[PDB]
Structures are given as C-alpha cells and as structure tokens.
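**Student:** Take this structure, written in structure tokens, and hold onto it; I'll ask about it next.
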Protein chains: 2
Amino acid sequence: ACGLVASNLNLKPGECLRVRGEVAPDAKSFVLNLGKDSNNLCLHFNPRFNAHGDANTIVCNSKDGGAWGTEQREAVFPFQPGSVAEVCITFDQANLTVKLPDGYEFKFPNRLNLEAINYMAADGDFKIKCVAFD
Amino acid sequence: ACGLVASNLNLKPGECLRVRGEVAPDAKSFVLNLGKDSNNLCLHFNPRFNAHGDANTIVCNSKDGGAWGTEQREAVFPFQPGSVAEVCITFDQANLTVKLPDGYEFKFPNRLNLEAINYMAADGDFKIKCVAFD
Ligand SMILES: OC[C@H]1O[C@@H](S[C@@H]2O[C@H](CO)[C@H](O)[C@H](O)[C@H]2O)[C@H](O)[C@@H](O)[C@H]1O
Ligand SMILES: OC[C@H]1O[C@@H](S[C@@H]2O[C@H](CO)[C@H](O)[C@H](O)[C@H]2O)[C@H](O)[C@@H](O)[C@H]1O
C-alpha cells in the first residue's frame with residue numbers, strides 16, 4: 001500500500017504477466033504481491049538486498065485470509081540496485097512460475113489454488129515502468 | 001469498473017501514460033478514467049461507437065466531488081472495433097493532452113487542483129494489453 005496497486009487484473013492460467021521496473025540505487029528490499037486481494041496472496045515476492053537480517057535472498061510466502069503462510073527461500077539472486085529488472089509470472093493449478101533476469105527461474109506452490117489472479121501491488125525500492133499481459 | 005483499476009500511479013506533470021488494448025469486435029463504447037479516485041476525475045475519456053444515442057464520437061468530461069462537469073465532444077474518431085489501439089496521456093496544471101492513433105492530438109482542461117494523477121480505471125469494450133509510464 002505505497003507503490004502501484006492494480007485490481008481486476010483477470011490473469012488466467014497460462015497467461016504471462018510481465019513487469020518492468022527500476023530498482024532504487026539504495027535498495028534494501030522490494031515487494032511484488034499477487035493474488036485475489038490484499039488479504040489473499042498466492043505470491044508475496046520479496047527480494048531482500050539487506051533487510052530483516054537477510055542479505056541478497058529472495059523470500060517467498062503466501063497470505064490466506066490475512067494470515068502469512070510458511071516462508072520459502074530461493075537459491076538465486078539475479079538483482080542489483082540501481083538497475084532495470086523484468087519479472088515474468090505465469091501460473092496453473094499447482095504452481096506459480098517466476099522467470100527472472102539472466103534466465104533464472106523458480107516455482108512456488110499455488111497454496112490458495114486460485115484460478116485467476118486479480119490483484120497486484122508493488123512496495124519498497126522498486127518503481128514500475130511497465131505492465132504487460134500476453 | 002469490470003476492467004483494470006490502478007491506484008498510486010503517482011503520475012506527475014510532464015510524465016506520459018501509455019495504454020494499449022484491444023477494442024472488442026462488437027464494441028459499443030469504452031472508458032478511461034483518470035484522477036484521484038472514483039469520485040474525482042480530471043479526465044473521463046469515453047469513445048462511443050454506439051451508445052447514449054451517439055455514433056462514432058469521443059465524449060470527454062470531468063467529475064468533481066461526485067458531480068459531472070460540462071461535457072465536451074471531439075470531432076475525430078480514429079478507432080475501429082476489432083483492433084488494437086494505443087492512447088497516450090500527459091498532463092500539466094492547465095491541461096491534459098490526449099494523443100490518439102493516426103496522429104490526432106487534443107487538449108482537455110484540467111478542472112481539478114491535482115498535483116499528481118493517482119487513479120486510473122478502464123471499463124467497457126476495451127481489454128488492456130500494456131500500461132507504461134514514459
Ligand atoms: O514472510 C513474509 C513476511 O516476512 C516478514 S519478516 C519475517 O518475520 C517473521 C516473524 O514474524 C520471521 O522472523 C521471518 O524469518 C521474517 O522473514 C516481513 O515483515 C513481511 O513484510 C513479509 O515479507
Ligand atoms: O458526461 C459524461 C457522462 O455521460 C453520461 S450520458 C450523458 O448524459 C447527460 C445528462 O443526462 C447528457 O444527456 C449527455 O449528452 C450524455 O452524454 C454517461 O452515462 C456517463 O457514464 C458519462 O459518460
């Protein structure tokens with residue numbers, strides 16, 4: 001609830017969500033939130049450069065009716081402060097797939113078994129320049 | 001709006017909003033609303049193919065504290081149903097400038113006292129493919 005908020009996205013399984021934005025030069029962390037609304041998130045995507053005692057680690061979680069699920073920590077960190085990052089997200093019944101820069105990718109389980117993604121929110125040290133659906 | 005709603009846009013003067021979407025093959029009309037929130041719009045951009053008596057007409061208005069302003073009609077209609085169209089909006093303290101396909105450009109007076117545009121809603125027979133800031 002500080003960066004761009006979009007609702008009625010109507011993202012369907014198999015469709016690709018493309019997001020391009022600027023990572024702040026003094027970036028500590030940023031957040032991409034996806035799901036039904038702010039209380040129901042299939043993906044809380046949180047690259048931490050230096051925040052909460054995490055350094056250069058992507059933290060992923062879900063939110064079910066207002067309650068945070070269990071955190072998953074990724075093995076890769078293809079982000080750098082002061083640079084233009086692009087993120088592509090697609091999903092199906094079992095998994096979200098996140099494609100990062102430099103050919104990196106990961107899966108995160110679809111814990112809420114959502115069939116549409118209608119909500120997206122950005123927060124922290126990341127400024128969206130572009131959102132595309134294909 | 002059944003279509004895309006965006007808030008915290010933070011579109012400052014001189015910055016440019018680019019929207020690309022598909023006009024349905026049987027489009028009657030579609031809507032881009034820009035402003036502070038649903039009640040306070042510096043621009044209600046409403047191309048009418050066939051709606052409210054009008055045929056192939058662009059209808060522009062504002063909304064201030066819930067009340068519609070004086071309506072304005074443009075003379076050009078560079079939209080065709082069943083095709084992809086891009087529209088670009090930029091603003092200053094005096095005017096919004098709307099750039100249409102096929103080169104046409106018109107001004108609409110900015111009737112509110114807005115530092116920044118924080119709210120965008122799409123509606124009707126227009127499906128957003130891409131949204132960009134500059
Ligand atoms: O799980 C995503 C959210 O994580 C917290 S920070 C989070 O806090 C818990 C205790 O409540 C544990 O210490 C975790 O190890 C730590 O990562 C953030 O404040 C939220 O913004 C989400 O990012
Ligand atoms: O002014 C923008 C809104 O227009 C109305 S329809 C509108 O109705 C007024 C008064 O009732 C006049 O007849 C106008 O000539 C006519 O265009 C729509 O319902 C709104 O959604 C806005 O598009």
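Each chain in the structure tokens gets a letter, A, B and so on, in the order shown; residues start at 1 in every chain, and ligands are counted from 1 in the order they appear.
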Mind checking which residues fall within 12 Å of residue B:129, counting only C-alpha atoms, ignoring those fewer than 6 positions away in the same chain, and posting them as a list in words?
**Tutor:**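 Returned residues: residues 9, 10, 11, 15, 16, 17, 18, 130, 131, 132, 133 and 134 of chain A; 3, 4, 18, 19, 20, 21, 22, 23, 84, 85, 86 and 122 of chain B.
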**Student:** Could those residues be written to a file, using C-alpha atoms, as a JSON list (two decimals), in the first residue's frame?
**Tutor:**
```json
[["chain", "number", "residue", "atom", "x", "y", "z"],
["A", 9, "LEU", "CA", -6.23, -7.95, -13.49],
["A", 10, "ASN", "CA", -8.18, -11.06, -14.54],
["A", 11, "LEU", "CA", -4.98, -13.01, -15.14],
["A", 15, "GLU", "CA", -1.22, -16.08, -19.48],
["A", 16, "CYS", "CA", 2.04, -14.28, -18.84],
["A", 17, "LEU", "CA", 2.32, -11.21, -16.60],
["A", 18, "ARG", "CA", 5.32, -9.02, -17.49],
["A", 130, "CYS", "CA", 5.66, -1.30, -17.42],
["A", 131, "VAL", "CA", 2.98, -3.94, -17.04],
["A", 132, "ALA", "CA", 2.02, -6.19, -19.96],
["A", 133, "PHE", "CA", -0.29, -9.20, -20.45],
["A", 134, "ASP", "CA", 0.37, -11.92, -23.00],
["B", 3, "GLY", "CA", -11.89, -3.70, -16.16],
["B", 4, "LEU", "CA", -8.48, -2.71, -14.78],
["B", 18, "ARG", "CA", 0.62, 4.90, -22.45],
["B", 19, "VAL", "CA", -2.29, 2.46, -22.62],
["B", 20, "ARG", "CA", -2.64, -0.26, -25.27],
["B", 21, "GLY", "CA", -5.67, -2.53, -25.55],
["B", 22, "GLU", "CA", -7.98, -4.49, -27.85],
["B", 23, "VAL", "CA", -11.30, -2.95, -28.84],
["B", 84, "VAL", "CA", -5.62, -2.83, -31.16],
["B", 85, "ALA", "CA", -5.37, 0.85, -30.16],
["B", 86, "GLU", "CA", -2.89, 2.87, -28.18],
["B", 122, "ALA", "CA", -10.71, 1.13, -17.60]]
```
**Student:** As a PyMOL selection string, please: every residue in stretch 26-111 of chain B that a backbone DSSP assignment puts in strand (DSSP E).
**Tutor:** chain B and resi 30-37+40-51+54-64+67-68+72-73+84-91+95-99+105-109
**Student:** Do you know which residues are within 6 Å of ligand 2 using only C-alpha atoms and all ligand atoms? Can you write them as a PyMOL selection string?
**Tutor:** chain B and resi 52+61+71
**Student:** Compute the set of protein, DNA and RNA residues whose minimum atom distance to ligand 1 is at most 8 Å, using only C-alpha atoms and all ligand atoms, and state it as a compact mmCIF listing (two decimals) with N, CA and C atoms, in the first residue's frame.
**Tutor:**
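What ended up in result10.txt:
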```
# COMPACT_ATOMS: atom_id res chain seq x y z
N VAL A 31 8.90 -5.49 -3.00
CA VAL A 31 7.79 -6.42 -2.85
C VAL A 31 6.90 -6.42 -4.08
N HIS A 44 3.59 -13.53 -2.39
CA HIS A 44 4.32 -12.39 -1.85
C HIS A 44 5.78 -12.60 -2.25
N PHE A 45 6.26 -11.78 -3.18
CA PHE A 45 7.60 -11.94 -3.76
C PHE A 45 8.51 -10.83 -3.21
N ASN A 46 9.50 -11.21 -2.41
CA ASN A 46 10.25 -10.21 -1.62
C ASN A 46 11.78 -10.37 -1.65
N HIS A 52 15.70 -7.29 7.31
CA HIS A 52 15.31 -8.32 8.29
C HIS A 52 16.42 -9.33 8.61
N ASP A 54 18.35 -10.60 6.37
CA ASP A 54 18.59 -11.31 5.12
C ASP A 54 19.42 -10.44 4.18
N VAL A 59 12.75 -13.94 -0.62
CA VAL A 59 11.83 -14.59 0.29
C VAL A 59 10.46 -14.62 -0.38
N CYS A 60 9.87 -15.81 -0.41
CA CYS A 60 8.50 -16.01 -0.92
C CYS A 60 7.56 -16.58 0.15
N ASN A 61 6.32 -16.09 0.14
CA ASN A 61 5.31 -16.56 1.07
C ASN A 61 3.93 -16.38 0.44
N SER A 62 2.90 -16.88 1.13
CA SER A 62 1.51 -16.63 0.78
C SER A 62 0.80 -15.98 1.95
N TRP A 68 -0.16 -14.97 7.25
CA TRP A 68 1.02 -15.38 6.49
C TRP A 68 1.22 -16.88 6.56
N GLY A 69 1.59 -17.49 5.43
CA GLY A 69 1.97 -18.90 5.41
C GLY A 69 3.44 -19.07 5.79
N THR A 70 4.01 -20.22 5.45
CA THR A 70 5.43 -20.51 5.70
C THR A 70 6.35 -19.94 4.60
N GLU A 71 7.45 -19.33 5.01
CA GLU A 71 8.41 -18.75 4.08
C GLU A 71 9.22 -19.79 3.30
```
**Student:** Which polymer residues have any atom within 8 Å of an atom of residue B:29, counting only C-alpha atoms, with same-chain residues fewer than 6 positions away left out, as a PDB file with N, CA, C and O atoms, in the first residue's frame?
**Tutor:**
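Writing the result to result_30.pdb gives the following:
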```
ATOM      1  N   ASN B  46     -14.268   8.825 -23.115  1.00  0.00           N
ATOM      2  CA  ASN B  46     -15.305   7.864 -23.445  1.00  0.00           C
ATOM      3  C   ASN B  46     -15.636   7.804 -24.948  1.00  0.00           C
ATOM      4  O   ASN B  46     -16.592   8.447 -25.405  1.00  0.00           O
ATOM      5  N   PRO B  47     -14.841   7.030 -25.721  1.00  0.00           N
ATOM      6  CA  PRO B  47     -15.162   6.842 -27.134  1.00  0.00           C
ATOM      7  C   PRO B  47     -16.438   6.034 -27.266  1.00  0.00           C
ATOM      8  O   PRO B  47     -16.525   4.924 -26.732  1.00  0.00           O
ATOM      9  N   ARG B  48     -17.429   6.609 -27.941  1.00  0.00           N
ATOM     10  CA  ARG B  48     -18.710   5.946 -28.128  1.00  0.00           C
ATOM     11  C   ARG B  48     -18.890   5.514 -29.577  1.00  0.00           C
ATOM     12  O   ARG B  48     -19.069   6.354 -30.456  1.00  0.00           O
ATOM     13  N   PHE B  49     -18.825   4.205 -29.819  1.00  0.00           N
ATOM     14  CA  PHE B  49     -19.094   3.654 -31.152  1.00  0.00           C
ATOM     15  C   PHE B  49     -20.584   3.763 -31.394  1.00  0.00           C
ATOM     16  O   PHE B  49     -21.026   4.372 -32.370  1.00  0.00           O
ATOM     17  N   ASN B  50     -21.347   3.185 -30.473  1.00  0.00           N
ATOM     18  CA  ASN B  50     -22.795   3.280 -30.475  1.00  0.00           C
ATOM     19  C   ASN B  50     -23.310   3.176 -29.040  1.00  0.00           C
ATOM     20  O   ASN B  50     -23.477   2.073 -28.507  1.00  0.00           O
ATOM     21  N   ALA B  51     -23.523   4.330 -28.411  1.00  0.00           N
ATOM     22  CA  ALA B  51     -24.007   4.402 -27.029  1.00  0.00           C
ATOM     23  C   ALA B  51     -24.572   5.787 -26.716  1.00  0.00           C
ATOM     24  O   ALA B  51     -24.058   6.802 -27.214  1.00  0.00           O
ATOM     25  N   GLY B 124     -15.733  -1.025 -20.095  1.00  0.00           N
ATOM     26  CA  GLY B 124     -16.388  -1.192 -21.389  1.00  0.00           C
ATOM     27  C   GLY B 124     -15.631  -2.144 -22.302  1.00  0.00           C
ATOM     28  O   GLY B 124     -14.949  -3.061 -21.840  1.00  0.00           O
ATOM     29  N   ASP B 125     -15.738  -1.916 -23.607  1.00  0.00           N
ATOM     30  CA  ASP B 125     -15.283  -2.915 -24.568  1.00  0.00           C
ATOM     31  C   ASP B 125     -13.829  -2.721 -24.994  1.00  0.00           C
ATOM     32  O   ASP B 125     -13.507  -2.695 -26.177  1.00  0.00           O
TER      33      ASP B 125
END
```
**Student:** Looking at B:64, B:120, B:127, B:91, which one is nearest to residue B:5, with distances taken over only C-alpha atoms?
**Tutor:**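 Smallest distance to residue B:5 is found for B:120.
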**Student:** Skipping near chain neighbours, those fewer than 5 positions away, what residues fall within 10 Å of residue A:117 using only C-alpha atoms, listed as a VMD selection string?
**Tutor:** chain A and resid 7 to 13 17 34 to 37 41 to 43 90 to 91
**Student:** What is the distance between atom CA of residue A:80 and atom CA of residue A:25, in Å to one decimal?
**Tutor:**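 Calculated distance between atom CA of residue A:80 and atom CA of residue A:25 is 8.5 Å.
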**Student:** Counting only C-alpha atoms, which residue out of A:14, A:88, A:116, A:76 sits closest to residue A:104?
**Tutor:**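 The closest residue to residue A:104 is A:76.
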